[PDB]
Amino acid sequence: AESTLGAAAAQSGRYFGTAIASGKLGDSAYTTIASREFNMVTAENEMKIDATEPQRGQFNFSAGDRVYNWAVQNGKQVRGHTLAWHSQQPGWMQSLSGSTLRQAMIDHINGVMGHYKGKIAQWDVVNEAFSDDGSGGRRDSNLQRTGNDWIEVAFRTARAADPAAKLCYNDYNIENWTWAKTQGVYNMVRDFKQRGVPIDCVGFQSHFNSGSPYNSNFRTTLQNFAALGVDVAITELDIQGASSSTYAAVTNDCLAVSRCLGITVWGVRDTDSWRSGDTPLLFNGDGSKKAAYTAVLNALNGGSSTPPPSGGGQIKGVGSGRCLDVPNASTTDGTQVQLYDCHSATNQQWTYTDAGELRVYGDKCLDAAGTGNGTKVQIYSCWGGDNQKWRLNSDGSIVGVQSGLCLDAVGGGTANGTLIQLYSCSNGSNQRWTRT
């Protein structure tokens, strides 16, 4: 299996999940994508403190079970999120402190895990317990104020409530190894494992953006925590701008770590994202697969037999043996591309960008004017439109994000001058290409 993210991940014993919003389970466009692509589910909000215990001692597992049931019935495991957190607590808990609060925490953990006992693969017992000031220490919350040992207490309680569930510590900004926050969490987990504190995994939310960008050392971070004897999981992945290279990089980081259980992206479509403005997911609002989607799938499936091109290269048709060429090195918008004998020349040098464009001359983009069969493929000023974004299938076909159609050599032409158009993908040789 390797046509969907979930199946591709399963090949290596891993999973590819998402965050499910109970309210969207009635939207077939939403559920059609979610049920097909993912084999792990996290309730976006339905299993949080305020949602499961609106009143102390008064547990409401309605919305939560709705998500749990849908997940299991559709062949997905579940990550419980989350049991002890300073954020999203019921109004009553936000007022508690010291001994009373500590007690409420314990009770809550027992209540939720009791109800779900033996059904949850991973539980984010404690979430975001460290600050971002740079000190590398605990953030000041009513929870921390109950004593520095709360985290440890939460995990012991957790193990007790349900020993079959993997207990994780979940946080954000602990992906970059050089960051103090990261080191603070690292030391704690090292401490816990040495003292025998029950903790089985560390969740790296992985919310990357210009404020806190992804860094290649992320893999080093995972390997380090892995060496401590705890599993690692990418829990809430979303990348501002959904760069193909970054998504693929995070994917390979997990595949490179034997203890990395899997990857979960925080949402289905960009429009479902808590940060839609950053279009940080793998699917467009119209449900179409984004450039990064294919980048992730290809990574999960084992990459290419030959190391991919590094900016600026040729694209020759398999059936013709000729290259994607812009007639007479023209640079005027609207010029339809053709096939031509391969040779070193700017008008045959295409660069695949992280945004999914196929650039030429530096600021011109492979462009599709329309979404139907026969649409001419031309060059046009780059502007980021979905009709200028393409997915590089591992089978050699290049699919337009917006149209869902393949680059096609008209009438299966192989001669110089054959024009390129969009057409239903057919696996024909006039729809397959190799990049250098």
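The term rigid core refers to the maximal set of C-alpha atoms that superpose within 1.5 Å between the two forms. One rule holds for the numbers: they count along the sequence shown, beginning at 1.
Enquirer: Overlaying the structures in 6 other deposited structures of this protein on the rigid core, point out which of 295 to 303 and 146 to 154 has the bigger RMS C-alpha shift.
Expert: Between the two stretches, 295 to 303 moves farther in 6 other deposited structures of this protein.
Enquirer: When the core is superposed, where do the C-alphas shift more in 6 other deposited structures of this protein: in 325 to 333 or in 123 to 131?
Expert: Looking at 123 to 131 and 325 to 333 in 6 other deposited structures of this protein, the bigger mover is 325 to 333.
Enquirer: Do a third or more of the other compared PDB entries fail to give coordinates for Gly311?
Expert: Per the records, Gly311 goes unmodelled in at least a third of the other entries.
Enquirer: Mean CA B-factor: is it higher for 310 to 318 or for 281 to 289?
Expert: Stretch with the higher mean C-alpha B-factor: 310 to 318.
Enquirer: Averaging CA B factors per stretch from the PDB record, which one is higher: 88 to 96 or 339 to 347?
Expert: Per the deposited B-factors, the answer is 88 to 96.
Enquirer: Just grab whichever of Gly241, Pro198, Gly203, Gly262 has the top CA B-factor as deposited.
Expert: Top of the list by C-alpha B-factor: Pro198.
Enquirer: Hey, out of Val268, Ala227, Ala161, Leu324, whose CA B-factor is highest in the deposited coordinates?
Expert: Top of the list by C-alpha B-factor: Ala161.
Enquirer: Would the CA B-factor of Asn301 place it in the lowest, middle or highest third of its chain?
Expert: As the PDB entry reports it, the C-alpha B-factor of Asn301 lands in the middle third of its chain.
Enquirer: Can you work out whether the C-alpha temperature factor of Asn60 puts it in the lowest, middle or highest third of the chain?
Expert: Top third by C-alpha B-factor.
Enquirer: Which third, lowest, middle or highest, does the C-alpha temperature factor of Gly400 belong to within its own chain?
Expert: Lowest third.
Enquirer: Considering only modelled residues of the same chain, in which third does the CA B-factor of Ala154 rank: lowest, middle or highest?
Expert: Its C-alpha B-factor belongs to the highest third of this chain's values.
Enquirer: Where does the C-alpha B-factor of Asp50 rank in its chain, lowest, middle or highest third?
Expert: Highest third, going by the recorded CA B-factors of the chain.
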